[PDB]
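Student: I have a structure I would like to understand better, so I am pasting it below and will then ask my questions one at a time.
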Amino acid sequence: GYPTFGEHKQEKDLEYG
Amino acid sequence: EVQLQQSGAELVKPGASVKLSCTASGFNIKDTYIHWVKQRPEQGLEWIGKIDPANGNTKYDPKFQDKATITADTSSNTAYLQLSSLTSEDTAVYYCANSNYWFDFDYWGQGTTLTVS
Amino acid sequence: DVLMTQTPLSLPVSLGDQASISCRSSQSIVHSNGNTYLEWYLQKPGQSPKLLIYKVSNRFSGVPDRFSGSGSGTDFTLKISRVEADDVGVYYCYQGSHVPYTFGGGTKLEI
């Protein structure tokens, strides 16, 4: 999953898991 | 890969509303940023805002906000910079940059010159 | 509002020479993720900007290895080991860490 809500665009894909 | 096909030069009068078009090619427009970046001759490069057509979400530079209304024809894959109630500042070249599968944005439009007599 | 400036504003070099464009922000552009996401774009006359360098020192696919950035904090450097006539144009230094996002002043690299 992701740690936060929102659009999960390319930049914030380093946060998956 | 990424191709952004912009409109050509248009020559208009003030107190008009003109929507500049930035056609996506080679991608669906809901997986990426649409940014608009302004460049006046009297300015460098100035980020306007961004639209993610995917769920309507926009983020603004407050300075140009609500002079610029950013919208998108979602299914036709074409993003639109509606520059409404013009002054002298609308006389500019606009560039349309597309989100990079990395961490920023890869390749820019072709330039849509809005000249205001 | 993070102000990114560049020096010089115009950098004359020879063919095959090494160019060094010095960029400096008004505030640290380190992202909350812990990474620095500093990009350099090349805009040629009559053309739109194109991505050459991202994440400081990462090279975009299709970009010659001649291009590489460096530095840290607020003071960063665009290094180009082999400047040719095909590398002529205006380079911009863009930070995507602080909203609203901001670009650099712009340096014209020329032969």
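By convention here, the chains of the structure tokens are called A, B, ... in the order presented, each chain's residues are numbered starting at 1, and ligands are numbered starting at 1 in the order presented.
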Would you mind listing, as a list in words, all residues of chain C that have at least one atom within 10 Å of chain A, where only C-alpha atoms are what counts?

Tutor: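 Therefore, the residues near the partner are residues 33, 37 and 96 of chain C.
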
Student: Quick one: write out the picked residues with C-alpha atoms as a PDB file, in the first residue's frame?

Tutor:
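As a result, result.pdb now contains:
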```pdb
ATOM      1  CA  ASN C  33      11.363  12.471   0.747  1.00  0.00           C
ATOM      2  CA  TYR C  37      14.994  16.519  -7.347  1.00  0.00           C
ATOM      3  CA  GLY C  96      10.124  20.472  -8.111  1.00  0.00           C
TER       4      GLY C  96
END
```

Student: With the cut-off set at 10 Å and counting only C-alpha atoms, tabulate each residue of chain B with an atom at most that distance from an atom of chain A, showing the nearest atom pair and its distance in Å to one decimal, ordered by chain and increasing number, as JSON lines.

Tutor:
```
{"residue": "B:31", "atom": "CA", "partner": "A:9", "partner_atom": "CA", "distance": 7.6}
{"residue": "B:32", "atom": "CA", "partner": "A:9", "partner_atom": "CA", "distance": 7.2}
{"residue": "B:33", "atom": "CA", "partner": "A:9", "partner_atom": "CA", "distance": 8.3}
{"residue": "B:52", "atom": "CA", "partner": "A:7", "partner_atom": "CA", "distance": 9.0}
{"residue": "B:54", "atom": "CA", "partner": "A:7", "partner_atom": "CA", "distance": 9.1}
{"residue": "B:55", "atom": "CA", "partner": "A:7", "partner_atom": "CA", "distance": 8.6}
{"residue": "B:57", "atom": "CA", "partner": "A:7", "partner_atom": "CA", "distance": 8.8}
{"residue": "B:99", "atom": "CA", "partner": "A:10", "partner_atom": "CA", "distance": 7.8}
{"residue": "B:100", "atom": "CA", "partner": "A:10", "partner_atom": "CA", "distance": 7.3}
{"residue": "B:101", "atom": "CA", "partner": "A:10", "partner_atom": "CA", "distance": 5.8}
{"residue": "B:102", "atom": "CA", "partner": "A:10", "partner_atom": "CA", "distance": 6.0}
{"residue": "B:103", "atom": "CA", "partner": "A:11", "partner_atom": "CA", "distance": 4.1}
{"residue": "B:104", "atom": "CA", "partner": "A:11", "partner_atom": "CA", "distance": 6.6}
{"residue": "B:105", "atom": "CA", "partner": "A:11", "partner_atom": "CA", "distance": 9.6}
```

Student: Write the residues of the preceding selection, restricted to N, CA, C and O atoms, as a short mmCIF file (atom, residue, chain, number, x, y, z; two decimals), in the first residue's frame.

Tutor:
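Done, and the output landed in part-v1.cif:
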```
data_model
loop_
_atom_site.label_atom_id
_atom_site.label_comp_id
_atom_site.auth_asym_id
_atom_site.auth_seq_id
_atom_site.Cartn_x
_atom_site.Cartn_y
_atom_site.Cartn_z
N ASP B 31 -2.35 9.68 -16.98
CA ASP B 31 -1.29 8.97 -16.30
C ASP B 31 -0.17 9.91 -16.06
O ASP B 31 0.94 9.50 -15.67
N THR B 32 -0.44 11.19 -16.22
CA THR B 32 0.69 12.09 -16.24
C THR B 32 0.26 13.48 -15.80
O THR B 32 -0.94 13.70 -15.62
N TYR B 33 1.17 14.41 -15.60
CA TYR B 33 0.93 15.80 -15.41
C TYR B 33 0.76 16.39 -16.84
O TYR B 33 1.48 16.10 -17.80
N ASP B 52 -4.13 17.40 -13.51
CA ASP B 52 -4.21 16.00 -13.76
C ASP B 52 -5.65 15.75 -14.21
O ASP B 52 -6.63 16.02 -13.44
N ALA B 54 -7.03 13.22 -14.80
CA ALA B 54 -7.53 11.94 -14.24
C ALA B 54 -8.61 12.14 -13.24
O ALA B 54 -9.55 11.33 -13.24
N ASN B 55 -8.54 13.13 -12.28
CA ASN B 55 -9.59 13.30 -11.30
C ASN B 55 -9.72 14.79 -11.07
O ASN B 55 -10.17 15.20 -10.09
N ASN B 57 -7.82 17.26 -10.70
CA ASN B 57 -7.11 17.96 -9.68
C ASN B 57 -6.13 18.93 -10.21
O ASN B 57 -5.36 18.58 -11.07
N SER B 99 4.69 15.11 -17.47
CA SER B 99 5.22 14.16 -16.53
C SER B 99 6.11 13.05 -17.03
O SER B 99 5.78 12.42 -18.03
N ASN B 100 7.20 12.80 -16.33
CA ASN B 100 8.28 11.88 -16.70
C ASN B 100 7.95 10.69 -15.94
O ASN B 100 7.58 10.87 -14.76
N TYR B 101 7.99 9.47 -16.61
CA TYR B 101 7.90 8.24 -15.86
C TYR B 101 8.90 8.08 -14.73
O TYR B 101 8.77 7.19 -13.82
N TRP B 102 9.91 9.02 -14.58
CA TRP B 102 10.73 9.06 -13.44
C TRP B 102 10.04 9.92 -12.40
O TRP B 102 9.15 9.45 -11.69
N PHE B 103 10.52 11.19 -12.26
CA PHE B 103 10.26 11.98 -11.09
C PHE B 103 10.02 13.48 -11.38
O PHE B 103 10.18 14.28 -10.49
N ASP B 104 9.63 13.83 -12.65
CA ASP B 104 9.57 15.24 -12.98
C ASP B 104 8.81 15.38 -14.28
O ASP B 104 7.63 15.05 -14.28
N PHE B 105 9.38 15.93 -15.41
CA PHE B 105 8.68 15.91 -16.62
C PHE B 105 9.61 15.83 -17.79
O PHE B 105 10.73 16.38 -17.80
#
```

Student: Using only C-alpha atoms, determine which residues lie at most 7 Å from range 75-90 of chain C, disregarding the query and same-chain residues fewer than 5 positions distant; provide the list as a PyMOL selection string.

Tutor: chain C and resi 15-25+42-45+66-70+106-111

Student: Take the residues that were just selected and, keeping N, CA and C atoms, output them as a CSV table (one decimal), in the first residue's frame.

Tutor:
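Result written to part-v1.csv:
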```csv
chain,number,residue,atom,x,y,z
C,15,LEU,N,34.6,24.4,-29.2
C,15,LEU,CA,34.0,23.1,-29.6
C,15,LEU,C,34.8,22.0,-28.9
C,16,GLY,N,34.0,21.1,-28.2
C,16,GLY,CA,34.6,20.0,-27.5
C,16,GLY,C,35.1,20.4,-26.1
C,17,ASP,N,34.8,21.6,-25.7
C,17,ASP,CA,35.2,22.2,-24.4
C,17,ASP,C,34.3,21.7,-23.3
C,18,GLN,N,34.8,22.0,-22.0
C,18,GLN,CA,34.0,21.7,-20.9
C,18,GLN,C,33.3,22.9,-20.3
C,19,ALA,N,32.0,22.9,-20.2
C,19,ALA,CA,31.2,24.0,-19.7
C,19,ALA,C,30.8,23.8,-18.2
C,20,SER,N,30.8,24.8,-17.4
C,20,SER,CA,30.3,24.7,-16.1
C,20,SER,C,29.4,25.9,-15.7
C,21,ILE,N,28.1,25.6,-15.6
C,21,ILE,CA,27.1,26.6,-15.3
C,21,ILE,C,26.7,26.6,-13.8
C,22,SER,N,27.0,27.7,-13.1
C,22,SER,CA,26.7,27.7,-11.7
C,22,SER,C,25.4,28.3,-11.4
C,23,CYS,N,24.6,27.4,-10.7
C,23,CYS,CA,23.2,27.8,-10.3
C,23,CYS,C,23.1,27.8,-8.8
C,24,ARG,N,22.3,28.8,-8.3
C,24,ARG,CA,22.1,29.0,-6.9
C,24,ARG,C,20.7,29.4,-6.5
C,25,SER,N,20.0,28.6,-5.6
C,25,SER,CA,18.7,28.9,-5.1
C,25,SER,C,18.7,29.8,-3.9
C,42,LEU,N,17.1,21.9,-21.6
C,42,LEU,CA,17.7,22.7,-22.7
C,42,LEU,C,16.6,23.2,-23.6
C,43,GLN,N,16.5,24.5,-23.8
C,43,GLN,CA,15.6,25.1,-24.8
C,43,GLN,C,16.4,25.8,-25.9
C,44,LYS,N,16.2,25.3,-27.1
C,44,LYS,CA,16.9,25.9,-28.3
C,44,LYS,C,16.0,26.9,-28.9
C,45,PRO,N,16.6,27.9,-29.7
C,45,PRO,CA,15.8,28.9,-30.3
C,45,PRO,C,14.8,28.3,-31.3
C,66,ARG,N,27.7,13.2,-21.8
C,66,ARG,CA,28.4,14.5,-21.6
C,66,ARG,C,27.8,15.3,-20.6
C,67,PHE,N,26.5,15.1,-20.3
C,67,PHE,CA,25.7,16.0,-19.4
C,67,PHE,C,25.7,15.3,-18.0
C,68,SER,N,26.0,16.2,-17.0
C,68,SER,CA,25.9,15.7,-15.6
C,68,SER,C,25.9,16.9,-14.7
C,69,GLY,N,25.0,16.9,-13.7
C,69,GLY,CA,24.9,17.9,-12.7
C,69,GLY,C,25.6,17.6,-11.4
C,70,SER,N,25.8,18.5,-10.5
C,70,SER,CA,26.4,18.3,-9.2
C,70,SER,C,26.1,19.4,-8.2
C,106,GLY,N,18.4,31.1,-16.3
C,106,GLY,CA,18.6,30.8,-17.7
C,106,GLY,C,20.0,31.2,-18.1
C,107,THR,N,20.8,30.2,-18.6
C,107,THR,CA,22.1,30.5,-19.1
C,107,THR,C,22.3,30.1,-20.5
C,108,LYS,N,22.6,31.0,-21.4
C,108,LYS,CA,22.8,30.7,-22.8
C,108,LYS,C,24.2,30.1,-23.0
C,109,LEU,N,24.3,28.9,-23.4
C,109,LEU,CA,25.6,28.2,-23.7
C,109,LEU,C,25.8,28.3,-25.2
C,110,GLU,N,26.9,28.8,-25.6
C,110,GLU,CA,27.2,29.1,-27.0
C,110,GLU,C,28.7,28.9,-27.4
C,111,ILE,N,28.9,28.6,-28.6
C,111,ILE,CA,30.3,28.4,-29.1
C,111,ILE,C,30.9,29.7,-29.6
```

Student: Give me, as a VMD selection string, the residues of chain C that a backbone DSSP run labels strand (DSSP E).

Tutor: chain C and resid 4 to 7 10 to 12 17 to 25 38 to 43 50 to 54 58 to 59 67 to 72 75 to 83 89 to 95 107 to 110

Student: Using only C-alpha atoms, tabulate the residues of chain B lying at most 7 Å from any atom of chain C, each with its closest atom pair and that distance in Å to one decimal, by chain and increasing residue number, as a tab-separated table.

Tutor:
```
residue	atom	partner	partner_atom	distance
B:44	CA	C:105	CA	6.3
B:45	CA	C:103	CA	6.0
B:46	CA	C:102	CA	6.7
B:47	CA	C:101	CA	6.4
B:61	CA	C:100	CA	5.6
B:95	CA	C:48	CA	6.9
B:106	CA	C:51	CA	5.4
B:107	CA	C:50	CA	5.0
B:108	CA	C:48	CA	5.6
B:109	CA	C:48	CA	6.1
B:110	CA	C:48	CA	5.8
B:111	CA	C:48	CA	6.6
```

Student: Export, as a PDB file, in the first residue's frame, the selected residues with C-alpha atoms.

Tutor:
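For reference, part.pdb as written:
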```pdb
ATOM      1  CA  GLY B  44      12.148  33.453 -17.841  1.00  0.00           C
ATOM      2  CA  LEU B  45       9.991  30.376 -17.275  1.00  0.00           C
ATOM      3  CA  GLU B  46       7.040  30.650 -14.891  1.00  0.00           C
ATOM      4  CA  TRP B  47       5.013  27.624 -13.743  1.00  0.00           C
ATOM      5  CA  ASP B  61       0.609  29.480  -8.745  1.00  0.00           C
ATOM      6  CA  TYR B  95       4.745  25.662 -23.074  1.00  0.00           C
ATOM      7  CA  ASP B 106      10.034  14.765 -20.036  1.00  0.00           C
ATOM      8  CA  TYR B 107       9.448  16.828 -23.256  1.00  0.00           C
ATOM      9  CA  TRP B 108       7.632  20.018 -23.848  1.00  0.00           C
ATOM     10  CA  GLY B 109       5.180  21.215 -26.406  1.00  0.00           C
ATOM     11  CA  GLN B 110       5.815  23.205 -29.550  1.00  0.00           C
ATOM     12  CA  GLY B 111       4.783  26.564 -28.250  1.00  0.00           C
TER      13      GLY B 111
END
```

Student: By how many Å are CA of residue 73 in chain B and CA of residue 53 in chain B apart?

Tutor: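 So the answer is 8.1 Å.
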
Student: Identify, on the basis of only C-alpha atoms, every residue whose closest approach to residue 50 in chain B does not exceed 8 Å; exclude the query and any residue fewer than 2 positions from it along the same chain; express the result as a list in words.

Tutor: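 Near residue 50 in chain B, the qualifying residues are residues 33, 34, 35, 36, 48, 52, 58, 59, 60 and 70 of chain B.
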
Student: Can you write out the residues you just picked, keeping N, CA, C and O atoms, as an mmCIF file, in the first residue's frame?

Tutor:
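Here's the written file out.cif:
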```
data_model
loop_
_atom_site.group_PDB
_atom_site.id
_atom_site.type_symbol
_atom_site.label_atom_id
_atom_site.label_comp_id
_atom_site.auth_asym_id
_atom_site.auth_seq_id
_atom_site.Cartn_x
_atom_site.Cartn_y
_atom_site.Cartn_z
ATOM 1 N N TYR B 33 1.169 14.414 -15.595
ATOM 2 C CA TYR B 33 0.932 15.803 -15.412
ATOM 3 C C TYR B 33 0.756 16.387 -16.838
ATOM 4 O O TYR B 33 1.476 16.099 -17.795
ATOM 5 N N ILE B 34 -0.170 17.355 -16.826
ATOM 6 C CA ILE B 34 -0.140 18.498 -17.722
ATOM 7 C C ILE B 34 0.316 19.651 -16.840
ATOM 8 O O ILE B 34 -0.244 19.825 -15.752
ATOM 9 N N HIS B 35 1.355 20.386 -17.175
ATOM 10 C CA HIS B 35 1.873 21.588 -16.573
ATOM 11 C C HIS B 35 1.630 22.504 -17.740
ATOM 12 O O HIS B 35 1.534 22.083 -18.886
ATOM 13 N N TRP B 36 1.452 23.780 -17.337
ATOM 14 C CA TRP B 36 1.588 24.897 -18.246
ATOM 15 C C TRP B 36 2.648 25.711 -17.602
ATOM 16 O O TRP B 36 2.753 25.817 -16.375
ATOM 17 N N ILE B 48 2.583 27.848 -14.170
ATOM 18 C CA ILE B 48 1.228 28.373 -14.042
ATOM 19 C C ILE B 48 0.506 27.570 -13.034
ATOM 20 O O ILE B 48 -0.166 28.153 -12.154
ATOM 21 N N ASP B 52 -4.135 17.405 -13.510
ATOM 22 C CA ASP B 52 -4.206 15.997 -13.764
ATOM 23 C C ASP B 52 -5.654 15.754 -14.214
ATOM 24 O O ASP B 52 -6.634 16.022 -13.440
ATOM 25 N N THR B 58 -6.199 20.139 -9.672
ATOM 26 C CA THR B 58 -5.394 21.238 -10.084
ATOM 27 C C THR B 58 -4.682 21.842 -8.880
ATOM 28 O O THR B 58 -5.243 21.982 -7.762
ATOM 29 N N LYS B 59 -3.477 22.380 -9.218
ATOM 30 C CA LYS B 59 -2.721 23.104 -8.260
ATOM 31 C C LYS B 59 -2.191 24.316 -9.022
ATOM 32 O O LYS B 59 -1.858 24.248 -10.196
ATOM 33 N N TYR B 60 -2.091 25.460 -8.318
ATOM 34 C CA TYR B 60 -1.940 26.769 -8.923
ATOM 35 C C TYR B 60 -0.727 27.467 -8.330
ATOM 36 O O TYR B 60 -0.337 27.253 -7.162
ATOM 37 N N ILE B 70 -7.661 26.391 -15.801
ATOM 38 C CA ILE B 70 -7.096 25.233 -16.445
ATOM 39 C C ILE B 70 -8.115 24.159 -16.431
ATOM 40 O O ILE B 70 -8.740 23.876 -15.395
#
```

Student: Work out how far CA of residue 26 in chain C is from CA of residue 67 in chain B, in Å to one decimal.

Tutor: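 According to the coordinates, CA of residue 67 in chain B and CA of residue 26 in chain C are separated by 27.3 Å.
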
Student: Provide the CA of residue 78 in chain B to CA of residue 112 in chain B distance in Å, to one decimal place.

Tutor: 13.8 Å

Student: Taking only chain A into account, list the residues labelled helix (DSSP H, G or I) by DSSP (computed from the backbone), as a VMD selection string.

Tutor: chain A and resid 10 to 13

Student: Would you mind exporting N, CA, C and O atoms of the selected residues as an mmCIF file, in the first residue's frame?

Tutor:
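Done, and the output landed in result_21.cif:
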```cif
data_model
loop_
_atom_site.group_PDB
_atom_site.id
_atom_site.type_symbol
_atom_site.label_atom_id
_atom_site.label_comp_id
_atom_site.auth_asym_id
_atom_site.auth_seq_id
_atom_site.Cartn_x
_atom_site.Cartn_y
_atom_site.Cartn_z
ATOM 1 N N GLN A 10 3.982 9.436 -10.613
ATOM 2 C CA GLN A 10 5.349 8.927 -10.752
ATOM 3 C C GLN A 10 6.318 9.365 -9.658
ATOM 4 O O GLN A 10 7.011 8.534 -9.075
ATOM 5 N N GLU A 11 6.380 10.667 -9.394
ATOM 6 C CA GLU A 11 7.276 11.187 -8.369
ATOM 7 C C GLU A 11 7.077 10.474 -7.036
ATOM 8 O O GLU A 11 8.043 10.042 -6.415
ATOM 9 N N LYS A 12 5.827 10.341 -6.607
ATOM 10 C CA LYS A 12 5.510 9.671 -5.348
ATOM 11 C C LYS A 12 5.161 8.191 -5.577
ATOM 12 O O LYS A 12 4.031 7.749 -5.313
ATOM 13 N N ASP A 13 6.131 7.442 -6.095
ATOM 14 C CA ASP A 13 5.968 6.011 -6.355
ATOM 15 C C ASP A 13 7.089 5.371 -5.592
ATOM 16 O O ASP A 13 7.180 4.152 -5.479
#
```
